[PDB]
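Here is the structure we will look at, set down as structure tokens.
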Amino acid sequence: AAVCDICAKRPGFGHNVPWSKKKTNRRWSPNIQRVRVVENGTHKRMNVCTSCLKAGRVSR
Amino acid sequence: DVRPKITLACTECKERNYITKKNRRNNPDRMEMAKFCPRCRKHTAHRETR
Amino acid sequence: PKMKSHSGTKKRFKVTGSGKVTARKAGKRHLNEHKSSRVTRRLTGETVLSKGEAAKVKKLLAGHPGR
Amino acid sequence: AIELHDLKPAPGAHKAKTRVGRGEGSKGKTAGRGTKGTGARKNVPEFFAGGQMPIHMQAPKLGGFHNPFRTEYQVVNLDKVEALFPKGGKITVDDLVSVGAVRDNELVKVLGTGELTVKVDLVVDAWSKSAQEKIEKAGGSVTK
RNA sequence: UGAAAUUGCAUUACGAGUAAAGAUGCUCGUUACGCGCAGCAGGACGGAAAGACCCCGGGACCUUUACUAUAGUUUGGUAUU
RNA sequence: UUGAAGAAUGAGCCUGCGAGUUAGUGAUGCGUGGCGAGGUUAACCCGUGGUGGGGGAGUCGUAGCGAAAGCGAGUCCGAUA
Ligand SMILES: CON(C)Cc1ccc(O)c2c1C[C@H]1C[C@H]3[C@H](N(C)C)C(O)=C(C(N)=O)C(=O)[C@@]3(O)C(O)=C1C2=O
Ligand SMILES: [Mg+2]
Ligand SMILES: [Mg+2]
Ligand SMILES: [Mg+2]
Ligand SMILES: [Mg+2]
Ligand SMILES: [Mg+2]
Ligand SMILES: [Mg+2]
Ligand SMILES: [Mg+2]
Ligand SMILES: [Mg+2]
Ligand SMILES: [Mg+2]
Ligand SMILES: [Mg+2]
Ligand SMILES: [Mg+2]
Ligand SMILES: [Mg+2]
Ligand SMILES: [Mg+2]
Ligand SMILES: [Mg+2]
Ligand SMILES: [Mg+2]
Ligand SMILES: [Mg+2]
Ligand SMILES: [Mg+2]
Ligand SMILES: [Mg+2]
Ligand SMILES: [Mg+2]
Ligand SMILES: [Mg+2]
Ligand SMILES: [Mg+2]
Ligand SMILES: [Mg+2]
Ligand SMILES: [Mg+2]
Ligand SMILES: [Mg+2]
Ligand SMILES: [Mg+2]
Ligand SMILES: [Mg+2]
Ligand SMILES: [Mg+2]
Ligand SMILES: [Mg+2]
Ligand SMILES: [Mg+2]
Ligand SMILES: [Mg+2]
Ligand SMILES: [Mg+2]
Ligand SMILES: [Mg+2]
Ligand SMILES: [Mg+2]
Ligand SMILES: [Mg+2]
Ligand SMILES: [Mg+2]
Ligand SMILES: [Mg+2]
Ligand SMILES: [Zn+2]
Ligand SMILES: [Zn+2]
């Protein structure tokens with residue numbers, strides 16, 4: 001996945017820019033990790049970005 | 001390559017006043033000339049830069 | 001819409017008080033060692049364009065007064 | 001008592017519009033373009049020179065720079081000062097040279113091509129050395 | 001009962017010439033009454049398709065150790081750890 | 001088109017239609033009108049009454065020369081040549 005279930009981080013779109021500068025469309029995906037979470041009392045998977053995982057916005 | 005461009009700078013005000021050509025094989029060492037230095041405003045010894 | 005002036009013409013040509021068009025002499029940017037001081041003196045000045053070239057430059061400048 | 005039907009333009013004030021491509025008794029058929037070629041259909045750009053390196057590329061760029069904070073001195077001359085203040089202008093000022101002509105809201109430098117037979121006190125922004133010399137020679141002064 | 005392609009024109013001969021170098025139409029001559037019907041294909045450089053060959057301009061697709069890029073595959077770093 | 005009555009192109013015929021336009025307070029001339037060392041407003045405001053009045057912010061002319069500091073009927077290169 002490339003969308004964070006927390007903070008809704010989503011891919012950006014930009015350019016491959018070679019030495020000749022012949023720009024080509026490309027994507028920057030967020031570092032989405034699928035981890036086990038225990039929310040309230042629910043065990044389930046969630047696709048969580050590493051930024052949220054580092055900030056602790058996700059309960060494991 | 002065999003007759004490179006050499007730059008004569010005054011030995012007083014170290015100013016690259018002139019540029020010319022030598023032979024490298026006929027004149028391997030740096031060349032000494034008395035040329036007019038505009039800054040020094042007279043004739044000063046000019047030496048090829050290293 | 002307003003007419004844009006030619007960028008190279010702006011950067012390269014001047015217009016005098018009396019409407020003359022002048023440019024800088026060409027051929028003195030490099031390779032100056034073999035050139036005599038007389039040649040460099042001939043190339044170091046400011047040249048006045050011919051009538052046709054001056055008219056073309058004035059058309060290229062969209063009323064720009066030159067550099 | 002002109003009445004609207006007596007209003008006519010001055011002779012030569014309304015040149016007839018030339019209408020092209022309307023018969024061979026006028027600019028007809030080819031419409032003043034000749035036969036074939038680029039010019040038969042569109043134009044040629046003024047920067048184009050036929051593939052030869054054009055003048056605006058062969059001429060070297062005048063280098064240099066512009067002063068970002070350059071101020072331009074509105075200039076007035078002693079001829080103009082004498083003409084517009086003939087009755088021995090005692091104290092000319094920026095407002096006075098503006099009501100004559102200096103294009104106000106600018107600095108009002110005074111230059112010295114002229115004679116200045118009268119005595120005058122300029123009170124302006126900057127002046128040339130020759131202008132100042134002529135002014136004190138006539139008996140006047142400058143300030144600011 | 002009833003089309004068609006075609007069609008600058010018309011009261012649309014031949015010979016030897018001449019001319020954008022191959023003429024019903026120009027020159028010099030020769031021949032020929034007016035109009036139809038069935039036929040034949042030598043010519044009208046016959047009709048049909050803005051030559052499909054050639055060259056010049058543009059395009060397309062194809063190829064490769066042409067150029068510049070890229071999906072993919074692969075290397076290591078780093079995050080997840 | 002060097003050259004076409006051309007056996008080079010297009011047109012069967014008539015009627016209708018079918019190609020140098022318009023916009024910029026564009027660029028540059030000219031004619032003409034106004035004002036004139038001055039000329040001119042843009043947005044907008046008023047006139048629900050319009051095509052008129054206001055609005056001078058700006059903008060061009062008023063000094064040039066220099067890369068520029070700058071100097072200035074001079075300036076720049078130069079040695080106050
Ligand atoms: C052996 O040499 N002889 C003299 C030639 C020739 C002989 C017998 C034939 O049967 C054909 C041809 C020529 C070709 C030309 C082809 C061409 N195409 C391939 C690009 C074209 O341009 C068209 C077209 N529609 O214009 C065609 O007709 C085409 O496809 C076709 O079918 C052809 C034939 O039939
Ligand atoms: Mg693109
Ligand atoms: Mg960490
Ligand atoms: Mg240089
Ligand atoms: Mg030299
Ligand atoms: Mg004609
Ligand atoms: Mg015609
Ligand atoms: Mg013409
Ligand atoms: Mg034509
Ligand atoms: Mg034509
Ligand atoms: Mg032609
Ligand atoms: Mg032509
Ligand atoms: Mg032309
Ligand atoms: Mg263009
Ligand atoms: Mg070339
Ligand atoms: Mg012949
Ligand atoms: Mg014959
Ligand atoms: Mg005949
Ligand atoms: Mg006849
Ligand atoms: Mg018959
Ligand atoms: Mg028959
Ligand atoms: Mg036949
Ligand atoms: Mg045929
Ligand atoms: Mg063809
Ligand atoms: Mg074909
Ligand atoms: Mg065919
Ligand atoms: Mg191609
Ligand atoms: Mg195809
Ligand atoms: Mg990896
Ligand atoms: Mg790793
Ligand atoms: Mg021909
Ligand atoms: Mg014909
Ligand atoms: Mg014919
Ligand atoms: Mg043809
Ligand atoms: Mg036809
Ligand atoms: Mg028709
Ligand atoms: Mg103002
Ligand atoms: Zn997130
Ligand atoms: Zn020296």
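A, B, ... follow the sequence lines: proteins, then strands. Residue 1 opens every chain.
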Interatomic distance at [atom1], [N] relative to [M], whole Å:
{"N": "F/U40", "M": "F/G49", "atom1": "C1'", "result": "28 Å"}
{"N": "F/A11", "M": "E/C45", "atom1": "P", "result": "15 Å"}
{"N": "F/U80", "M": "F/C71", "atom1": "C1'", "result": "14 Å"}

Between C/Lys4 (side chain) and C/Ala62 (backbone), is there a donor-acceptor pair under 3.5 Å? no
To the nearest angstrom, how far is [X] atom [atom1] from [N] atom [atom2]?
{"X": "D/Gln74", "N": "F/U62", "atom1": "CD", "atom2": "P", "answer": "10 Å"}
{"X": "D/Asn67", "N": "F/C71", "atom1": "CG", "atom2": "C1'", "answer": "15 Å"}
{"X": "C/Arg24", "N": "F/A67", "atom1": "CZ", "atom2": "P", "answer": "8 Å"}
{"X": "C/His6", "N": "F/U28", "atom1": "NE2", "atom2": "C1'", "answer": "18 Å"}
{"X": "A/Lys54", "N": "E/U78", "atom1": "NZ", "atom2": "P", "answer": "16 Å"}

Which ones in residues 48-67 of chain C lie close to RNA chain F, meaning a heavy atom under 4.0 Å from one of its atoms? C/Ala62, C/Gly63, C/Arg67
Sorted by number, the residues of residues 80-108 of chain D with heavy-atom contact under 4.0 Å to RNA chain F: D/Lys80, D/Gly100, D/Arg103
Proximal nucleotide (of [options]) relative to the [X] side chain:
{"X": "D/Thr35", "options": "F/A67, F/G20, F/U1", "result": "F/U1"}
{"X": "C/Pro1", "options": "E/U80, E/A71, F/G24", "result": "F/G24"}
{"X": "D/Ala10", "options": "E/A69, F/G20, F/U32", "result": "F/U32"}
{"X": "D/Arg70", "options": "E/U70, F/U32, F/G66", "result": "F/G66"}
{"X": "D/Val75", "options": "E/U80, F/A79, F/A63", "result": "F/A63"}

Does the distance from a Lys or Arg side-chain N to an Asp or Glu carboxylate O, for [X] and [Y], drop under 4.0 Å?
{"X": "B/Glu32", "Y": "B/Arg47", "result": "yes"}
{"X": "A/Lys44", "Y": "A/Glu39", "result": "yes"}
{"X": "B/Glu12", "Y": "B/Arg39", "result": "no"}

Let's test your reading of the model: under 3.5 Å, does the base of F/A63 pair with the side chain of D/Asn77 as donor and acceptor? yes
On the side chain of D/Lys109, is there an atom forming a donor-acceptor pair with the base of F/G72 - under 3.5 Å, no angle test? yes
Proximity to RNA chain E (any heavy atom under 4.0 Å), residues of residues 24-39 of chain A only: A/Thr24, A/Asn31, A/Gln33
Pick the nucleotide of RNA chain F nearest each of C/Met3 and D/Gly112; which residue has the one closer to the 5' end? C/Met3
Identify, between C/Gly17 and D/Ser130, the residue whose nearest nucleotide on RNA chain F lies closer to the 5' end. C/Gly17
Given Watson-Crick or G-U wobble geometry and both distances below 3.5 Å as the test, should [N] and [M] count as paired?
{"N": "E/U64", "M": "E/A20", "result": "no"}
{"N": "F/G64", "M": "F/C71", "result": "yes"}
{"N": "F/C65", "M": "F/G70", "result": "yes"}
{"N": "F/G49", "M": "F/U22", "result": "no"}

What nucleic acid atoms does D/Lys15 come within less than 4.0 Å of, heavy atoms only: base, sugar-phosphate, or nothing? nothing
Does F/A69 sit syn or anti, given that only angles within 90° of 0 count as syn? anti
Syn/anti state for E/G15 [syn: chi within 90° of 0]: anti
Could you please name the partner base of E/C26, counting Watson-Crick and G-U wobble pairs only when both distances are under 3.5 Å? E/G17
With no hydrogens and no angle check, just 3.5 Å: does a side-chain donor-acceptor pair link C/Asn32 and C/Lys35? yes
D/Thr113 and D/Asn77: CA distance, side-chain angles, deciding distance, side-chain hydrogen bond (donor to acceptor under 3.5 Å, both in side chains) verdict: CA-CA 6 Å; D/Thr113 187; D/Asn77 278 306; 5.5 Å; no
